[PDB]
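Visitor: Below is the file data29.pdb, with PDB, C-alpha atoms and all ligand atoms.
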ATOM      1  CA  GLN A 127     139.700 199.370 249.400
ATOM      2  CA  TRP A 128     141.898 200.262 246.415
ATOM      3  CA  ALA A 129     142.215 203.808 245.059
ATOM      4  CA  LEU A 130     143.885 205.417 242.025
ATOM      5  CA  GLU A 131     146.884 206.298 244.175
ATOM      6  CA  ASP A 132     147.778 202.614 244.570
ATOM      7  CA  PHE A 133     148.593 202.282 240.855
ATOM      8  CA  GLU A 134     151.126 203.501 238.330
ATOM      9  CA  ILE A 135     149.323 203.750 234.996
ATOM     10  CA  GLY A 136     151.070 202.856 231.735
ATOM     11  CA  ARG A 137     150.321 202.558 228.058
ATOM     12  CA  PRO A 138     146.791 202.446 226.607
ATOM     13  CA  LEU A 139     145.821 198.835 225.947
ATOM     14  CA  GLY A 140     142.661 199.694 224.066
ATOM     15  CA  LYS A 141     139.400 201.591 223.934
ATOM     16  CA  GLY A 142     135.805 200.411 223.799
ATOM     17  CA  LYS A 143     132.549 202.356 223.627
ATOM     18  CA  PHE A 144     132.732 202.740 227.396
ATOM     19  CA  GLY A 145     136.040 201.200 228.496
ATOM     20  CA  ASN A 146     139.374 202.979 228.297
ATOM     21  CA  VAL A 147     141.855 200.278 229.237
ATOM     22  CA  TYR A 148     145.406 200.877 230.533
ATOM     23  CA  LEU A 149     148.381 198.803 231.590
ATOM     24  CA  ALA A 150     149.043 199.427 235.295
ATOM     25  CA  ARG A 151     151.255 198.256 238.144
ATOM     26  CA  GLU A 152     150.180 198.059 241.801
ATOM     27  CA  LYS A 153     152.853 199.884 243.838
ATOM     28  CA  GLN A 154     153.219 197.546 246.821
ATOM     29  CA  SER A 155     153.308 194.191 245.032
ATOM     30  CA  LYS A 156     154.554 195.425 241.646
ATOM     31  CA  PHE A 157     151.697 193.283 240.250
ATOM     32  CA  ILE A 158     151.024 194.125 236.588
ATOM     33  CA  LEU A 159     147.393 194.264 235.551
ATOM     34  CA  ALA A 160     144.882 196.123 233.382
ATOM     35  CA  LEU A 161     142.710 199.025 234.586
ATOM     36  CA  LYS A 162     139.446 199.458 232.669
ATOM     37  CA  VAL A 163     138.312 203.065 233.135
ATOM     38  CA  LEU A 164     134.677 204.049 232.743
ATOM     39  CA  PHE A 165     133.119 207.514 232.805
ATOM     40  CA  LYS A 166     130.155 207.656 235.231
ATOM     41  CA  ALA A 167     128.376 210.316 233.175
ATOM     42  CA  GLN A 168     128.717 208.136 230.096
ATOM     43  CA  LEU A 169     127.325 205.111 231.945
ATOM     44  CA  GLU A 170     124.400 207.114 233.382
ATOM     45  CA  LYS A 171     123.588 208.846 230.090
ATOM     46  CA  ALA A 172     123.358 205.578 228.171
ATOM     47  CA  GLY A 173     121.772 203.912 231.223
ATOM     48  CA  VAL A 174     124.139 200.960 231.388
ATOM     49  CA  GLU A 175     124.900 200.927 235.115
ATOM     50  CA  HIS A 176     123.333 197.463 235.076
ATOM     51  CA  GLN A 177     125.905 196.307 232.497
ATOM     52  CA  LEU A 178     128.778 197.463 234.692
ATOM     53  CA  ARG A 179     127.184 195.716 237.688
ATOM     54  CA  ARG A 180     126.669 192.593 235.614
ATOM     55  CA  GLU A 181     130.289 192.569 234.428
ATOM     56  CA  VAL A 182     131.644 192.861 237.977
ATOM     57  CA  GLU A 183     129.346 190.195 239.423
ATOM     58  CA  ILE A 184     129.931 187.629 236.667
ATOM     59  CA  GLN A 185     133.668 188.032 235.960
ATOM     60  CA  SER A 186     134.699 188.285 239.620
ATOM     61  CA  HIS A 187     133.146 184.905 240.376
ATOM     62  CA  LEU A 188     133.743 182.881 237.187
ATOM     63  CA  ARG A 189     137.000 180.899 237.276
ATOM     64  CA  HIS A 190     138.162 179.374 233.988
ATOM     65  CA  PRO A 191     141.488 179.542 232.055
ATOM     66  CA  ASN A 192     139.648 180.813 228.964
ATOM     67  CA  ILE A 193     137.734 183.544 230.810
ATOM     68  CA  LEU A 194     139.387 186.835 231.836
ATOM     69  CA  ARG A 195     139.514 187.415 235.611
ATOM     70  CA  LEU A 196     138.074 190.560 237.210
ATOM     71  CA  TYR A 197     139.819 191.112 240.558
ATOM     72  CA  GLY A 198     137.928 194.088 241.990
ATOM     73  CA  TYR A 199     136.974 197.728 241.460
ATOM     74  CA  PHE A 200     137.049 201.251 242.911
ATOM     75  CA  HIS A 201     135.719 204.699 241.908
ATOM     76  CA  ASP A 202     136.060 208.485 242.373
ATOM     77  CA  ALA A 203     132.942 210.580 241.637
ATOM     78  CA  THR A 204     133.861 210.903 237.952
ATOM     79  CA  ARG A 205     134.888 207.390 237.015
ATOM     80  CA  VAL A 206     134.844 203.714 237.877
ATOM     81  CA  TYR A 207     137.934 201.519 237.605
ATOM     82  CA  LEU A 208     137.713 197.773 236.998
ATOM     83  CA  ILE A 209     140.849 195.872 237.991
ATOM     84  CA  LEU A 210     141.375 193.123 235.362
ATOM     85  CA  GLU A 211     143.743 190.294 234.524
ATOM     86  CA  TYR A 212     146.206 191.655 231.941
ATOM     87  CA  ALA A 213     146.229 189.845 228.579
ATOM     88  CA  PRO A 214     149.753 190.344 227.165
ATOM     89  CA  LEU A 215     149.218 189.138 223.579
ATOM     90  CA  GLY A 216     146.369 191.494 222.726
ATOM     91  CA  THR A 217     143.118 190.685 220.955
ATOM     92  CA  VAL A 218     141.979 188.216 218.347
ATOM     93  CA  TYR A 219     140.761 191.325 216.502
ATOM     94  CA  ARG A 220     144.320 192.664 216.193
ATOM     95  CA  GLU A 221     145.694 189.247 215.245
ATOM     96  CA  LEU A 222     143.132 188.996 212.434
ATOM     97  CA  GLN A 223     144.269 192.429 211.196
ATOM     98  CA  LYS A 224     147.874 191.223 211.267
ATOM     99  CA  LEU A 225     147.370 187.907 209.456
ATOM    100  CA  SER A 226     144.204 188.664 207.429
ATOM    101  CA  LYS A 227     143.073 185.006 207.638
ATOM    102  CA  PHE A 228     143.808 182.197 210.098
ATOM    103  CA  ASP A 229     144.807 178.664 209.052
ATOM    104  CA  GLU A 230     142.634 175.736 210.107
ATOM    105  CA  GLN A 231     144.758 174.782 213.111
ATOM    106  CA  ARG A 232     144.599 178.283 214.635
ATOM    107  CA  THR A 233     140.858 178.531 213.885
ATOM    108  CA  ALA A 234     139.945 175.131 215.398
ATOM    109  CA  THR A 235     142.106 175.807 218.475
ATOM    110  CA  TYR A 236     140.373 179.150 219.137
ATOM    111  CA  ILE A 237     136.929 177.577 218.545
ATOM    112  CA  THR A 238     137.840 174.829 221.019
ATOM    113  CA  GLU A 239     138.939 177.298 223.712
ATOM    114  CA  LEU A 240     135.818 179.412 223.077
ATOM    115  CA  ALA A 241     133.601 176.357 223.333
ATOM    116  CA  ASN A 242     135.250 175.229 226.594
ATOM    117  CA  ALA A 243     134.748 178.678 228.135
ATOM    118  CA  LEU A 244     131.137 178.891 226.918
ATOM    119  CA  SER A 245     130.385 175.371 228.162
ATOM    120  CA  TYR A 246     131.451 176.524 231.631
ATOM    121  CA  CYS A 247     129.337 179.703 231.354
ATOM    122  CA  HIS A 248     126.284 177.894 230.036
ATOM    123  CA  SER A 249     126.404 175.347 232.904
ATOM    124  CA  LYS A 250     125.406 178.362 235.016
ATOM    125  CA  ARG A 251     122.985 179.597 232.323
ATOM    126  CA  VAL A 252     125.243 182.628 231.828
ATOM    127  CA  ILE A 253     125.061 183.692 228.212
ATOM    128  CA  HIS A 254     127.598 186.234 226.952
ATOM    129  CA  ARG A 255     125.717 187.586 223.890
ATOM    130  CA  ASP A 256     128.638 189.848 222.829
ATOM    131  CA  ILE A 257     131.201 187.409 221.524
ATOM    132  CA  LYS A 258     133.303 189.177 218.910
ATOM    133  CA  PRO A 259     137.005 189.465 218.147
ATOM    134  CA  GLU A 260     137.649 192.701 220.129
ATOM    135  CA  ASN A 261     136.373 190.930 223.249
ATOM    136  CA  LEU A 262     138.598 187.885 222.823
ATOM    137  CA  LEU A 263     141.986 188.440 224.477
ATOM    138  CA  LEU A 264     145.221 186.393 224.393
ATOM    139  CA  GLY A 265     147.175 185.217 227.432
ATOM    140  CA  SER A 266     150.944 184.806 227.669
ATOM    141  CA  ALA A 267     150.851 181.365 226.011
ATOM    142  CA  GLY A 268     148.509 182.649 223.284
ATOM    143  CA  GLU A 269     145.428 181.073 224.853
ATOM    144  CA  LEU A 270     142.109 182.790 224.126
ATOM    145  CA  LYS A 271     140.237 184.489 226.990
ATOM    146  CA  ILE A 272     136.660 185.790 226.823
ATOM    147  CA  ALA A 273     136.241 189.313 228.229
ATOM    148  CA  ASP A 274     133.692 192.152 228.440
ATOM    149  CA  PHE A 275     130.745 190.439 230.185
ATOM    150  CA  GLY A 276     128.662 193.616 230.309
ATOM    151  CA  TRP A 277     126.061 192.290 227.861
ATOM    152  CA  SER A 278     125.804 188.927 229.633
ATOM    153  CA  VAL A 279     122.583 187.688 231.299
ATOM    154  CA  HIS A 280     121.037 184.532 232.746
ATOM    155  CA  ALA A 281     118.980 182.622 230.172
ATOM    156  CA  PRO A 282     116.256 182.863 229.088
ATOM    157  CA  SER A 283     116.171 186.580 228.413
ATOM    158  CA  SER A 284     114.744 189.412 226.364
ATOM    159  CA  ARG A 285     116.749 192.415 225.177
ATOM    160  CA  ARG A 286     116.092 195.699 227.008
ATOM    161  CA  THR A 287     119.183 197.642 225.944
ATOM    162  CA  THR A 288     119.676 199.372 222.577
ATOM    163  CA  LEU A 289     121.950 197.717 219.959
ATOM    164  CA  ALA A 290     124.567 200.406 219.248
ATOM    165  CA  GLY A 291     127.244 198.869 217.045
ATOM    166  CA  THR A 292     127.545 196.189 214.408
ATOM    167  CA  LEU A 293     124.970 193.424 214.133
ATOM    168  CA  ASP A 294     127.616 191.110 212.589
ATOM    169  CA  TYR A 295     127.941 188.649 215.485
ATOM    170  CA  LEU A 296     124.290 188.564 216.621
ATOM    171  CA  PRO A 297     121.606 185.966 215.733
ATOM    172  CA  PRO A 298     118.105 186.776 214.324
ATOM    173  CA  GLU A 299     116.307 186.311 217.682
ATOM    174  CA  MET A 300     118.638 188.718 219.447
ATOM    175  CA  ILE A 301     118.374 191.517 216.902
ATOM    176  CA  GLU A 302     114.581 191.194 216.702
ATOM    177  CA  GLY A 303     114.200 191.515 220.476
ATOM    178  CA  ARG A 304     112.682 188.087 220.857
ATOM    179  CA  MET A 305     113.216 185.830 223.789
ATOM    180  CA  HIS A 306     116.555 183.926 223.538
ATOM    181  CA  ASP A 307     118.921 181.683 225.469
ATOM    182  CA  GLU A 308     122.280 179.858 225.330
ATOM    183  CA  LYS A 309     121.879 179.233 221.612
ATOM    184  CA  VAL A 310     122.783 182.847 220.852
ATOM    185  CA  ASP A 311     126.433 182.155 221.684
ATOM    186  CA  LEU A 312     126.372 179.122 219.392
ATOM    187  CA  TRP A 313     125.360 181.282 216.422
ATOM    188  CA  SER A 314     128.166 183.732 217.309
ATOM    189  CA  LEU A 315     130.649 180.844 217.381
ATOM    190  CA  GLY A 316     129.580 180.111 213.811
ATOM    191  CA  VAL A 317     130.145 183.706 212.743
ATOM    192  CA  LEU A 318     133.594 183.658 214.360
ATOM    193  CA  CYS A 319     134.621 180.370 212.757
ATOM    194  CA  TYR A 320     133.748 181.808 209.344
ATOM    195  CA  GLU A 321     135.506 185.129 210.003
ATOM    196  CA  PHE A 322     138.657 183.392 211.270
ATOM    197  CA  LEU A 323     138.959 181.372 208.019
ATOM    198  CA  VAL A 324     137.750 183.998 205.515
ATOM    199  CA  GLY A 325     139.006 187.214 207.110
ATOM    200  CA  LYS A 326     135.572 188.881 207.255
ATOM    201  CA  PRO A 327     132.187 187.987 208.862
ATOM    202  CA  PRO A 328     129.614 186.111 206.708
ATOM    203  CA  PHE A 329     126.786 188.664 206.855
ATOM    204  CA  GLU A 330     128.981 191.724 206.496
ATOM    205  CA  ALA A 331     127.468 194.562 204.514
ATOM    206  CA  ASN A 332     127.759 198.282 203.832
ATOM    207  CA  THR A 333     124.776 199.321 205.903
ATOM    208  CA  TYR A 334     123.027 198.290 209.106
ATOM    209  CA  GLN A 335     119.871 197.563 207.147
ATOM    210  CA  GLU A 336     121.653 195.381 204.592
ATOM    211  CA  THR A 337     123.410 193.572 207.438
ATOM    212  CA  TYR A 338     120.142 192.926 209.272
ATOM    213  CA  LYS A 339     118.522 191.543 206.109
ATOM    214  CA  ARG A 340     121.431 189.198 205.436
ATOM    215  CA  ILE A 341     121.288 187.891 209.043
ATOM    216  CA  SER A 342     117.516 187.360 209.269
ATOM    217  CA  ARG A 343     117.584 185.506 205.928
ATOM    218  CA  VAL A 344     120.866 183.710 206.818
ATOM    219  CA  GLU A 345     122.449 184.681 203.520
ATOM    220  CA  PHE A 346     126.085 183.628 203.453
ATOM    221  CA  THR A 347     128.348 181.941 200.880
ATOM    222  CA  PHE A 348     131.783 180.278 201.112
ATOM    223  CA  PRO A 349     134.940 181.203 199.165
ATOM    224  CA  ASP A 350     136.565 178.268 197.331
ATOM    225  CA  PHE A 351     139.345 177.797 199.891
ATOM    226  CA  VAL A 352     137.045 176.946 202.826
ATOM    227  CA  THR A 353     137.225 173.165 203.270
ATOM    228  CA  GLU A 354     134.218 170.865 203.477
ATOM    229  CA  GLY A 355     134.721 170.121 207.172
ATOM    230  CA  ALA A 356     134.655 173.832 208.000
ATOM    231  CA  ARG A 357     131.600 174.414 205.781
ATOM    232  CA  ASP A 358     129.827 171.648 207.653
ATOM    233  CA  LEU A 359     130.496 173.016 211.152
ATOM    234  CA  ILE A 360     129.684 176.587 210.117
ATOM    235  CA  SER A 361     126.442 175.523 208.362
ATOM    236  CA  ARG A 362     125.374 173.650 211.513
ATOM    237  CA  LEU A 363     125.965 176.697 213.753
ATOM    238  CA  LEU A 364     124.349 179.338 211.518
ATOM    239  CA  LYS A 365     120.744 178.081 211.685
ATOM    240  CA  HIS A 366     117.898 180.600 211.894
ATOM    241  CA  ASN A 367     116.071 178.317 214.351
ATOM    242  CA  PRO A 368     118.073 178.249 217.610
ATOM    243  CA  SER A 369     116.860 174.773 218.605
ATOM    244  CA  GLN A 370     118.536 173.409 215.473
ATOM    245  CA  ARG A 371     121.949 174.749 216.504
ATOM    246  CA  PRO A 372     124.256 172.049 217.904
ATOM    247  CA  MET A 373     125.317 171.517 221.519
ATOM    248  CA  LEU A 374     128.771 172.757 222.490
ATOM    249  CA  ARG A 375     129.740 169.104 223.004
ATOM    250  CA  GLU A 376     128.897 168.478 219.353
ATOM    251  CA  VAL A 377     131.112 171.387 218.344
ATOM    252  CA  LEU A 378     133.963 170.051 220.510
ATOM    253  CA  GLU A 379     133.674 166.551 219.000
ATOM    254  CA  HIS A 380     133.140 167.724 215.408
ATOM    255  CA  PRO A 381     135.567 165.830 213.123
ATOM    256  CA  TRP A 382     136.932 169.033 211.581
ATOM    257  CA  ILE A 383     137.545 170.389 215.102
ATOM    258  CA  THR A 384     139.219 167.257 216.511
ATOM    259  CA  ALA A 385     141.446 166.912 213.434
ATOM    260  CA  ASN A 386     142.703 170.498 213.438
ATOM    261  CA  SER A 387     142.706 171.667 217.076
ATOM    262  CA  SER A 388     145.977 171.680 219.029
ATOM    263  CA  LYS A 389     144.023 171.804 222.329
ATOM    264  CA  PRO A 390     141.592 169.277 223.849
ATOM    265  CA  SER A 391     138.001 169.563 225.087
TER     266      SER A 391
HETATM  267  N1  LIG S   1     142.447 192.836 230.402
HETATM  268  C1  LIG S   1     142.881 193.359 229.222
HETATM  269  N2  LIG S   1     144.147 193.166 228.759
HETATM  270  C2  LIG S   1     144.569 193.687 227.587
HETATM  271  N3  LIG S   1     143.783 194.445 226.787
HETATM  272  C3  LIG S   1     142.496 194.709 227.136
HETATM  273  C4  LIG S   1     141.968 194.166 228.398
HETATM  274  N4  LIG S   1     140.687 194.571 228.501
HETATM  275  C5  LIG S   1     140.415 195.318 227.408
HETATM  276  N5  LIG S   1     141.491 195.397 226.592
HETATM  277  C6  LIG S   1     141.539 196.146 225.310
HETATM  278  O1  LIG S   1     140.632 197.246 225.450
HETATM  279  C7  LIG S   1     139.497 197.098 224.581
HETATM  280  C8  LIG S   1     138.187 197.527 225.256
HETATM  281  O2  LIG S   1     137.932 196.765 226.438
HETATM  282  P1  LIG S   1     136.441 196.234 226.791
HETATM  283  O3  LIG S   1     136.569 195.641 228.178
HETATM  284  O4  LIG S   1     135.872 195.420 225.662
HETATM  285  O5  LIG S   1     135.627 197.626 226.814
HETATM  286  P2  LIG S   1     134.089 197.874 226.396
HETATM  287  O6  LIG S   1     133.338 197.246 227.551
HETATM  288  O7  LIG S   1     133.955 199.372 226.309
HETATM  289  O8  LIG S   1     133.912 197.221 225.049
HETATM  290  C9  LIG S   1     139.510 195.639 224.169
HETATM  291  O9  LIG S   1     138.907 195.468 222.882
HETATM  292  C10 LIG S   1     140.995 195.337 224.159
HETATM  293  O10 LIG S   1     141.561 195.954 223.007
HETATM  294 CL    CL S   2     148.507 189.333 244.990
HETATM  295 CL    CL S   3     114.503 190.049 230.160
HETATM  296 CL    CL S   4     119.479 193.544 227.783
HETATM  297 CL    CL S   5     126.987 170.723 225.559
HETATM  298 MG    MG S   6     134.402 195.370 224.366
HETATM  299 MG    MG S   7     131.339 196.433 227.653
END
For the structure just supplied, provide its representation as structure tokens.
Guide:
Amino acid sequence: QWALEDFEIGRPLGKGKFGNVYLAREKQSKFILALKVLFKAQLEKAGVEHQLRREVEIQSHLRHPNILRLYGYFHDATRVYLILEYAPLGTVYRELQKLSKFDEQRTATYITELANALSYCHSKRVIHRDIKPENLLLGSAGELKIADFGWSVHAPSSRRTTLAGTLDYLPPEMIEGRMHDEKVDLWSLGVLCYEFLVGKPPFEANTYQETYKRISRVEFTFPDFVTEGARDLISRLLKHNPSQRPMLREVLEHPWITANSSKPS
């Protein structure tokens, strides 16, 4: 259907391991959107054609205000182009760089939006498994949107693909290649809540090995400024045993969440 010729490409929005994302406008409609560009030889080499397929299938069919829309795709013998909803306010990653730490209202609002999106995903047994600030985008009203569903699967699942980057957002079962399910995204929510309030993730370390050790032993401590309500939610989410992690409904109705969030469940 679409081809490269139908679009005027604009400024670079960002770069991932595989994605090179650009602002773009469709010529006929003048519709502004984001083009995620992937190099076929890079996908083949790393063997992640299944991730690309997964991303297209899942994001084209999911419909939720806190999940980024994928509209379609096309290709040209060197690259694949995913046609995405454009997120004008950038990433939570950037915003964290800007502000260093988030206040409790901003944190609880993001956690609420995340939890609403994940609740919708999990109802279909879709687990994301790659929740981290670079994959959380902001819409025109500043609302969080989950993107980058390439690592997503239907639960329960094993891990077949190599872990390339940081382990910071991943639970013990996921790193160790054990079977896992929905509860992986709950652990990640805990990591995010801590990072939002503190400015860095709780198991952060100087090496991959040190990071892995901290995660498998669940070794984290709180700075003095983290309030008791936050400590409670975060402690509940960051449990080694997945079955002990709370339900998303329990996150949404947590007293620290309901007192600080500007958005409802
Ligand atoms: N729809 C979008 N709107 C605005 N920026 C985006 C969009 N998609 C991606 N980006 C930016 O590009 C980066 C990489 O995109 P992503 O889809 O995560 O690629 P990868 O799959 O390689 O990680 C994101 O971290 C973000 O900075
Ligand atoms: Cl249209
Ligand atoms: Cl599997
Ligand atoms: Cl996998
Ligand atoms: Cl729930
Ligand atoms: Mg990404
Ligand atoms: Mg990806």
Visitor: Select from chain A every residue with an atom at most 9 Å from any atom of ligand MG 6 (chain S), then for each give the shortest pair of atoms and their distance in Å to one decimal, using only C-alpha atoms and all ligand atoms, rows by chain and rising number, as a Markdown table.
Guide:
| residue | atom | partner | partner_atom | distance |
| --- | --- | --- | --- | --- |
| A:141 | CA | S:MG6 | MG | 8.0 |
| A:142 | CA | S:MG6 | MG | 5.3 |
| A:143 | CA | S:MG6 | MG | 7.3 |
| A:144 | CA | S:MG6 | MG | 8.1 |
| A:145 | CA | S:MG6 | MG | 7.3 |
| A:256 | CA | S:MG6 | MG | 8.1 |
| A:258 | CA | S:MG6 | MG | 8.3 |
| A:259 | CA | S:MG6 | MG | 9.0 |
| A:260 | CA | S:MG6 | MG | 6.0 |
| A:261 | CA | S:MG6 | MG | 5.0 |
| A:262 | CA | S:MG6 | MG | 8.7 |
| A:273 | CA | S:MG6 | MG | 7.4 |
| A:274 | CA | S:MG6 | MG | 5.2 |
| A:275 | CA | S:MG6 | MG | 8.5 |
| A:276 | CA | S:MG6 | MG | 8.4 |
Visitor: Could you please determine the separation between atom CA of residue A:239 and atom CA of residue A:389 in Å, to one decimal place?
Guide: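 Separating atom CA of residue A:239 from atom CA of residue A:389 is a distance of 7.6 Å.
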Visitor: Between A:201, A:255, A:371, A:187, which is the closest to ligand MG 7 (chain S) once you count only C-alpha atoms and all ligand atoms?
Guide: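 Of the candidates, the smallest distance to ligand MG 7 (chain S) is held by A:255.
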Visitor: Name the residues that the PyMOL selection byres (((chain A and resi 176-182) around 9) and not hetatm) picks from the file above, as a CSV table (one decimal) with C-alpha atoms, in the frame of the given file, using the file's chain letters and numbers.
Guide:
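part-v1.csv, freshly written:
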chain,number,residue,atom,x,y,z
A,169,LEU,CA,127.3,205.1,231.9
A,173,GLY,CA,121.8,203.9,231.2
A,174,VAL,CA,124.1,201.0,231.4
A,175,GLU,CA,124.9,200.9,235.1
A,183,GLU,CA,129.3,190.2,239.4
A,184,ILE,CA,129.9,187.6,236.7
A,185,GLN,CA,133.7,188.0,236.0
A,186,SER,CA,134.7,188.3,239.6
A,187,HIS,CA,133.1,184.9,240.4
A,196,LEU,CA,138.1,190.6,237.2
A,197,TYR,CA,139.8,191.1,240.6
A,198,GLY,CA,137.9,194.1,242.0
A,199,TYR,CA,137.0,197.7,241.5
A,208,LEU,CA,137.7,197.8,237.0
A,274,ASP,CA,133.7,192.2,228.4
A,275,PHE,CA,130.7,190.4,230.2
A,276,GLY,CA,128.7,193.6,230.3
A,277,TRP,CA,126.1,192.3,227.9
A,278,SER,CA,125.8,188.9,229.6
A,279,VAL,CA,122.6,187.7,231.3
Visitor: With distances taken over only C-alpha atoms and all ligand atoms, which of A:280, A:205, A:254, A:285 is nearest to ligand CL 4 (chain S)?
Guide: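 Using only C-alpha atoms and all ligand atoms, ligand CL 4 (chain S) sits closest to A:285.
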Visitor: What would stretch 315-326 of chain A look like with N, CA, C and O atoms in place, written as an mmCIF file, keeping the file's coordinate frame?
Guide:
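Final file, out13.cif:
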data_model
loop_
_atom_site.group_PDB
_atom_site.id
_atom_site.type_symbol
_atom_site.label_atom_id
_atom_site.label_comp_id
_atom_site.auth_asym_id
_atom_site.auth_seq_id
_atom_site.Cartn_x
_atom_site.Cartn_y
_atom_site.Cartn_z
ATOM 1 N N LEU A 315 129.537 181.755 217.635
ATOM 2 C CA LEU A 315 130.649 180.844 217.381
ATOM 3 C C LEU A 315 130.759 180.509 215.894
ATOM 4 O O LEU A 315 131.860 180.374 215.359
ATOM 5 N N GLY A 316 129.610 180.376 215.234
ATOM 6 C CA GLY A 316 129.580 180.111 213.811
ATOM 7 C C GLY A 316 130.091 181.284 213.006
ATOM 8 O O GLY A 316 130.860 181.100 212.045
ATOM 9 N N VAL A 317 129.665 182.491 213.390
ATOM 10 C CA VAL A 317 130.145 183.706 212.743
ATOM 11 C C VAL A 317 131.666 183.823 212.860
ATOM 12 O O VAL A 317 132.353 184.174 211.896
ATOM 13 N N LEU A 318 132.174 183.535 214.052
ATOM 14 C CA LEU A 318 133.594 183.658 214.360
ATOM 15 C C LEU A 318 134.392 182.635 213.560
ATOM 16 O O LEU A 318 135.425 182.953 213.001
ATOM 17 N N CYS A 319 133.906 181.402 213.506
ATOM 18 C CA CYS A 319 134.621 180.370 212.757
ATOM 19 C C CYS A 319 134.770 180.767 211.277
ATOM 20 O O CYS A 319 135.833 180.593 210.660
ATOM 21 N N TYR A 320 133.708 181.311 210.712
ATOM 22 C CA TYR A 320 133.748 181.808 209.344
ATOM 23 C C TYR A 320 134.721 182.973 209.220
ATOM 24 O O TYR A 320 135.525 183.002 208.288
ATOM 25 N N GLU A 321 134.651 183.941 210.131
ATOM 26 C CA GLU A 321 135.506 185.129 210.003
ATOM 27 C C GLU A 321 136.981 184.767 210.145
ATOM 28 O O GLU A 321 137.826 185.322 209.450
ATOM 29 N N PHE A 322 137.282 183.854 211.063
ATOM 30 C CA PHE A 322 138.657 183.392 211.270
ATOM 31 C C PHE A 322 139.273 182.830 209.974
ATOM 32 O O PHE A 322 140.429 183.114 209.655
ATOM 33 N N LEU A 323 138.484 182.052 209.232
ATOM 34 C CA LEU A 323 138.959 181.372 208.019
ATOM 35 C C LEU A 323 138.933 182.248 206.759
ATOM 36 O O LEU A 323 139.755 182.065 205.852
ATOM 37 N N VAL A 324 137.988 183.190 206.709
ATOM 38 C CA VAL A 324 137.750 183.998 205.515
ATOM 39 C C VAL A 324 138.361 185.390 205.649
ATOM 40 O O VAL A 324 138.780 185.993 204.669
ATOM 41 N N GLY A 325 138.420 185.903 206.871
ATOM 42 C CA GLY A 325 139.006 187.214 207.110
ATOM 43 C C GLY A 325 137.956 188.302 207.303
ATOM 44 O O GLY A 325 138.282 189.419 207.713
ATOM 45 N N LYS A 326 136.701 187.977 206.997
ATOM 46 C CA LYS A 326 135.572 188.881 207.255
ATOM 47 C C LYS A 326 134.313 188.088 207.651
ATOM 48 O O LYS A 326 134.180 186.920 207.278
#
